Amino acid sequence: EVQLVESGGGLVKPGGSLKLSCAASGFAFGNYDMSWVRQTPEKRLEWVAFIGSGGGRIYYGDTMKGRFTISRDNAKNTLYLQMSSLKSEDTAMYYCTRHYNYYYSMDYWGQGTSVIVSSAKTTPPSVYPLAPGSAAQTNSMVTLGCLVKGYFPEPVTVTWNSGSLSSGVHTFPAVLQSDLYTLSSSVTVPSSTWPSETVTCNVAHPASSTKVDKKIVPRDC
Amino acid sequence: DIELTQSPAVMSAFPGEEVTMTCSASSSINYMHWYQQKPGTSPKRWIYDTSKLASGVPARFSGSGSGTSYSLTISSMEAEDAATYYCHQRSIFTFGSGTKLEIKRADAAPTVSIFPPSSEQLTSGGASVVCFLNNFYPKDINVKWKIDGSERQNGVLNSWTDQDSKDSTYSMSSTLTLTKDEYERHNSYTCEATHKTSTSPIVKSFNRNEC
Ligand SMILES: C[C@]12CCC(=O)C=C1CC[C@@H]1[C@@H]2[C@@H](O)C[C@@]2(C)[C@H]1CC[C@]2(O)C(=O)CO
């Protein structure tokens, strides 16, 4: 029923600006106080801004220092947050939230929209098959993998045989390496089925609009 | 600045235990709220006004406190309760840093697999040696790399997954990144896992000169 849907996030250079939107449905949007909350990469949660139902009462968090401006258009059921002079500490997931009564708990939250402040530019990832090779295995099961190196920004999505190998998958959280992201994904299948049955990793990087398939072939020694 | 702190930052318990977590304020305040978060999704209202349960919250949960001290309590804990719980109050800028509740289970040793650098990465001039340690418990595990018989510490990056939603195991990758020329100067590469499931390590290796 109730829905809150954020948008407008993205990459942004230091010193720039960005306007975030939050579209509402399922309730009388003009009767409710609204807020923006942000979650930093360290998972810390910070109350950014608050606006009363009529648009005539406004508050800001301690580090906002005049660079943020919250506003709303009750006619179009939308809440906004204008950001300016953005700094590296402003990188976070930005959430649209709604208030219940006058003790200011937040009874519904949106899906979140991500904001990243840096000089880095969008970069597609390289994708490398991980066959055992000189490290051949010998059990009823074999484990294979894919290495995904050098992309920005997060995230990538990894699947195996188009999601038909779902069980036995571990896709590890990404880490920054030379200020570019890298992760690996592993899959475990019966050893009797490989290489007789093909195994492929499907890498998708929406921000660079790239999609690659790497078949896992046994190495030519 | 009224500030919140939460204790413990991390705890773990088997299903069926009583669980308690504390939220402290630098000065007295009232009407405390608690929010539950699970990986990949938004925070959810769980407890509000210190004691009221949000909709859909089982009566095993209860919130209480006053003054500068508050707490959230779970009777007969169930696996779905695993999450991060954050306190917050109407005069507070920064949410408390949260307690992460994790599921205790039986000890399990890791399935270890080593992967020599791909020929495609080598073509580009990089050399990543990848070692996977999968389906283990507890989370605390130690990985060691040996290159031609001597320990190596530079250029290693380790990454754990969140506790597995189906079996409560952890997995982790340990990756040794080297330049292609530094990779070509050595032959024996070894990834060792030392866990409290056994005093003797699990060991996987290869010689670069093979294949
Ligand atoms: C309840 C309160 C004051 C009374 C009111 O009519 C509405 C609100 C909601 C927004 C709250 C605000 C104050 O408490 C100060 C807060 C927390 C603000 C959100 C950000 C804030 O300005 C701060 O972070 C100050 O440190």
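Both backbone and side-chain heavy atoms feed into the values below; hydrogens, waters and symmetry mates do not. The sequence lines fix the lettering, A, B, ..., with proteins before strands; numbering per chain opens at 1.
Contacts between A/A131 and chain B at a heavy-atom distance below 4.5 Å involve the backbone alone (N, CA, C, O). In this structure, the portion of B/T177 lying under 4.5 Å from any heavy atom of chain A is its side chain and not its backbone. The part of B/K52 that comes within reach of chain A is its side chain, from C-beta onward, which places non-hydrogen atoms under 4.5 angstrom from that chain. Contact annotation for B/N207: only backbone heavy atoms (N, CA, C, O) come within less than 4.5 Å of a heavy atom of chain A. For B/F93, the parts lying near chain A are the backbone and the side chain together; criterion is any non-hydrogen pair under 4.5 Å. Contacts of A/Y103 with chain B are made by both backbone and side-chain atoms, with heavy-atom separations under 4.5 Å. Contacts of B/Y35 with chain A are made by side-chain atoms alone, with heavy-atom separations under 4.5 Å and no backbone atom involved. Residue A/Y59: no heavy atom, backbone or side chain, is found under 4.5 Å from chain B. Only the side chain of A/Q39 comes within contact range of chain B, with heavy atoms under 4.5 Å apart. Using a 4.5 Å cut-off between heavy atoms, A/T63 contacts chain B through both its backbone and its side chain. Using a 4.5 Å cut-off between heavy atoms, A/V127 makes no contact with chain B at all. With a 4.5 Å cut-off on non-hydrogen atoms, B/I114 touches chain A through its backbone and its side chain both. Contact of B/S124 with chain A is made through the side chain alone, with heavy-atom distances under 4.5 Å. Proximity to chain B is absent for every atom of A/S126, based on heavy atoms less than 4.5 angstrom apart. Heavy-atom distances place the side chain of A/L147, and not its backbone, under 4.5 Å from chain B.
Salt-bridge check for A/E46 with A/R38: passed, with a basic side-chain N closer than 4.0 Å to an acidic carboxylate O. Remark: A/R57 engages A/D33 in a salt bridge, criterion side-chain N to carboxylate O under 4.0 Å. Residues A/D107 and A/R98 are paired through a salt bridge, judged by an N-O separation under 4.0 Å between the basic side chain and the carboxylate. Between A/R67 and A/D90 there is a salt bridge, since at least one side-chain N of the basic residue sits less than 4.0 Å from a carboxylate O of the acidic one.
In this model, no donor atom of one side chain and acceptor atom of the other lie less than 3.5 Å apart for B/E120 and A/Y128. Side-chain atoms of A/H170 and B/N134 include no donor-acceptor pair closer than 3.5 Å. Using modelled atom types and a 3.5 Å distance limit, the side chains of A/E1 and A/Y108 yield no donor-acceptor pair. Inspection of the B/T179 and B/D181 side chains reveals no N or O donor paired with an N or O acceptor under 3.5 Å.
Listed for the B/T99 side chain is a donor-acceptor partner under 3.5 Å among the backbone atoms of B/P8. Between the side chain of B/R208 and the main chain of B/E184, a donor-acceptor pair closer than 3.5 Å is present. Not one N or O on the side chain of B/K100 forms a donor-acceptor pair closer than 3.5 Å with the backbone of B/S12. Without hydrogens or angle criteria, A/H205 side chain to A/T210 main chain gives no donor-acceptor distance under 3.5 Å. Without hydrogens or angle criteria, B/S51 side chain to B/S64 main chain gives no donor-acceptor distance under 3.5 Å.
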Exercise. Does the ring pair (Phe, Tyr, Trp, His ring centres under 6.0 Å) test come out yes or no for A/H99 and A/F50, once each step is laid out?
Worked result: CA-CA 10 Å; A/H99 290 284; A/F50 164 97; 5.3 Å; yes
Exercise. Under the ring pair (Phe, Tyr, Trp, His ring centres under 6.0 Å) criterion, do B/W160 and B/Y170 qualify, and how do the steps go?
Worked result: CA-CA 7 Å; B/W160 287 249; B/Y170 294 95; 8.9 Å; no
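Counting heavy-atom pairs closer than 4.5 Å to chain B, the top residue among A/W109, A/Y95, A/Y104 is A/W109. Among B/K204, B/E210, B/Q121, the residue making the largest number of heavy-atom pairs under 4.5 Å with chain A is B/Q121. Across B/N30, B/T94, B/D1, B/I92, the residue that shares the most heavy-atom pairs under 4.5 angstrom with chain A is B/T94. Of the listed residues B/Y189, B/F115, B/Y86, B/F206, the one with more heavy-atom pairs under 4.5 angstrom with chain A than any other is B/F115. Contacts with chain A were tallied for B/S97, B/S55, B/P43, B/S159; B/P43 has the most, counting heavy-atom pairs under 4.5 Å. Interface remark: of the candidates A/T97, A/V37, A/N101, A/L130, A/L130 forms the most heavy-atom pairs closer than 4.5 Å to chain B. When the candidates B/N135, B/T84, B/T41 are compared by the number of heavy-atom contacts under 4.5 Å with chain A, B/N135 comes out ahead. Comparing A/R44, A/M93, A/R219 by how many heavy-atom pairs each has under 4.5 Å with chain B, the most go to A/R219. Of the listed residues (A/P129, A/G112, A/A136), the greatest number of heavy-atom pairs within a distance under 4.5 Å of chain B belongs to A/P129.
Ring centroids of A/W36 and A/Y94 are separated by 6.0 Å or more, keeping the two rings apart. For B/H195 and B/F136, the distance between ring centers is under 6.0 angstrom. Here the two rings, on A/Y32 and A/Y100, have centers that are 6.0 Å apart or farther. A distance of 6.0 Å or more separates the ring centres of B/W34 and B/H88.
The nearest pair of heavy atoms linking B/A83 to B/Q37 is CB-O, 3.4 Å. For A/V203 against A/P125, the heavy-atom pair with the smallest separation is CG1-CG, 4.4 Å.
Using a 4.5 Å heavy-atom cutoff, the side chains of A/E6 and A/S21 are not in contact. Residues B/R90 and B/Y31 are in side-chain contact: their nearest non-hydrogen atoms beyond the backbone lie under 4.5 Å apart.
Below 4.5 Å, heavy atoms of chain B meet heavy atoms from A/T143, A/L144, A/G145, all part of residues 139-146 of chain A. Contacts between residues 148-160 of chain A and chain B, defined by a heavy-atom separation under 4.5 Å, are made by A/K149. Interface with chain B: from residues 178-198 of chain A, residues A/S184, A/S185, A/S186 qualify, criterion being any non-hydrogen pair under 4.5 Å.
Note that the CG atom of A/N31 and the OG atom of A/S53 stand 7.0 Å from one another [nearest 0.5 Å].
Applying the side chain to side chain donor-acceptor pair (under 3.5 Å) test to B/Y137 and every residue at least two apart in sequence or in another chain returns nothing.
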